[PDB]
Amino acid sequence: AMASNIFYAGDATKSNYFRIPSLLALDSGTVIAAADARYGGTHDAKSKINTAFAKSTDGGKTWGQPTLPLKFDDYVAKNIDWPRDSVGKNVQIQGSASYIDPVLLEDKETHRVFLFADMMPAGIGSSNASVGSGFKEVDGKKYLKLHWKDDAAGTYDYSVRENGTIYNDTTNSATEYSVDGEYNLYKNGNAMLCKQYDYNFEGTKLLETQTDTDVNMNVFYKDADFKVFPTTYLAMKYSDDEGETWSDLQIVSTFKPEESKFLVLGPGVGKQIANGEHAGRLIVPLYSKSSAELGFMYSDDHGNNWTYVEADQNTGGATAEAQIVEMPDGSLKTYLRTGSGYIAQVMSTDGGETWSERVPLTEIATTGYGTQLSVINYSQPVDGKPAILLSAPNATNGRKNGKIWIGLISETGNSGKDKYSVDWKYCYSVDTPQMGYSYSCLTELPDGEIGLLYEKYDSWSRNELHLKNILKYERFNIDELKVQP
């Protein structure tokens, strides 16, 4: 029993733990949020994680019951206390599928909300993903590949075609199997079933055990008769009613480079270009262990099709989580985490198709492993200039000393990528410098206030794992944030 929160232990998600905030004010004034619902403590995948979603209809002041738009059912969703001793803390659920690391984006022209998450097959996370796309080509077309249970481990002789029908690719003929819009498996039109797993500890032993509860068998599960290639996928659903209902699951990572180990989202929000030649383009940040590290996916047709862009030729596989802001002419500036001990910035003057080399951002102190950041546009001038805001920790030694910065944009007299300069004029301290501060997401609320949803602890530290109710929500008026310390 415990003593502000959107997601919390005992809410409708049935998770005791959350990480990875996303916060987005919609054009209508509705405000939405999403996070990982991390059931098996605060571990990254491999684990049991669902994506939670919540909505405010009073301008982001109060919040409704969360829902779970992206969820798997192979393992039960329940409230469990994860152990925090020196042995048990390291224990992770081994055999569950998961959705991890959300991105929210609105297309303001169509009023469609998109929710993206990484989609991890059972027992997979980024660190143990196999190299490959997960797709094969049958006569020039890309289809999701499948492994049948009685074939050799390395053999994916089956494909999900545009039908939903599973085909044998050696004979090119349709099987009796198919998937529905959630990638659940059917034979002869009958739902195929498997037993759901529970998870319970005995001392520091984690027991993952079948129950008697039947669930839909899914190609992402450990127990399935057909199974996907064990790499990372990008999932998306869209909503035309501000998150009351969602579309079928879309696997959008058809473009995943064959040489990549993982290709995942930079969590937070995406961006729709407001100004210039590429107004209307939807763009979402990504990163990879591949030919490239930073990347993006964009759509010019309101979300139906997505093009992958590599932003560099970095083979590091660092956690290059990025967020994007727009300059007054429509050019883009992306701020990113790196594995080099600074936040980097890259620019694009062609709507995100090409990007400048990284420039360190000197104003902010970070660790060698880095932390996600949040950057947003602000709709009103500050000190007569277009303004952006940035939220991140400010410390070389841990994730702590959270700040909200305000950056004012000027023309430099130069051209191209050098057209604009940002003066980080204002720096507001969220709390005492010692207080933990990890991932965060900013949004501009419909009254011009700034909302912040953030991890109020150090989510890297091996000594702060599995803390409950650390995702805190605060609201500020802009005058409060205008502090020059």
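Note that residue numbering follows the sequence shown and begins at 1.
A.B. asks: Missing residues between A3 and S4 in the deposited sequence, please: none, 1 to 3, 4 to 9, or 10 or more.
C.D. replies: Gap between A3 and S4: 1 to 3 residues without coordinates.
A.B. asks: Check the entry's C-alpha temperature factors for 151 to 159 and 133 to 141, then say which stretch has the higher mean.
C.D. replies: Between 151 to 159 and 133 to 141, it is 133 to 141.
A.B. asks: For the higher mean C-alpha B factor in the entry, choose 343 to 351 or 409 to 417.
C.D. replies: Comparing 343 to 351 with 409 to 417, the higher mean C-alpha B-factor belongs to 409 to 417.
A.B. asks: Just the C-alpha B-factor column, please: which of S86, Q323, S247, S96 has the biggest number?
C.D. replies: Of the options given, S86 has the highest CA B-factor in the PDB entry.
A.B. asks: Among the candidates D458, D44, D36, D58, give the one with the maximum CA B-factor reported in the record.
C.D. replies: Most elevated C-alpha B-factor of the set, per the entry: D58.
A.B. asks: Taking the chain's C-alpha temperature factors as the reference, tell me which third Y335 falls into: lowest, middle or highest.
C.D. replies: Ranked within chain, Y335 CA B lands in the lowest tercile.
A.B. asks: When the modelled residues of the chain are sorted by Cα temperature factor, does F229 land in the lowest, middle or highest third?
C.D. replies: It falls in the middle third of the chain.
A.B. asks: Report the third (lowest, middle or highest) to which the CA temperature factor of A191 belongs, ranking only the modelled residues of the same chain.
C.D. replies: As the PDB entry reports it, the C-alpha B-factor of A191 lands in the highest third of its chain.
A.B. asks: Tell me, lowest, middle or highest third: where does the Cα B factor of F296 rank within its chain?
C.D. replies: It falls in the bottom third of the chain.
A.B. asks: Relative to the other modelled residues of the same chain, rank the CA B-factor of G368 and answer lowest, middle or highest third.
C.D. replies: It falls in the top third of the chain.
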